[PDB]
């Protein structure tokens, strides 16, 4: 089905949506230092939101551009970084924010991923970082700029 199609580069990132038309994530809507948003890729032609495949679940956050690791910075757009939100431990959605670390927290077993340093695991049992998705801005809007730089989710 179109809703279960994988993320492709050029997909528009949209805020996680309940019913109705989706909202593209604009750069100007993300304030540096604010908690991440959960996001999905939307086919730029068909405008189908690929929210039916859980491997397309994203977290998106704006950091101070001079706080990002050089390796993280090269895939960021104006301090904006995106990562897979599928926990690498047992596949829970990494849905919570740790304010003092500016890290992503998994509620299931306390996995914490250090986002400014490539989502390095700094707590709990994830065996590996969630992978980063390359982002770019086009006409004010966040767009997927590449494939995930890594396998998504629980890897057998």
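Residue numbers count along the first chain shown, from 1.
A summary of the deposited B-factors shows that, of 26-34 and 105-113, the stretch with the larger mean C-alpha value is 26-34. Higher mean CA B-factor, judged across 10-18 and 142-150 from the recorded values: 142-150. Residue 80 sits in the middle third of its chain by CA B factor, as recorded in the PDB entry.
In this PDB entry, residue 120 carries a Cα temperature factor that places it within the middle third of its chain's modelled residues. Residue-level temperature factors show residue 39 in the lowest third of its chain, judged at the C-alpha atom. Among the modelled residues of the chain, residue 99 sits in the middle third by CA temperature factor in this PDB entry.
In the deposited entry, the Cα temperature factor of residue 46 places it in the highest third of its chain's modelled residues.
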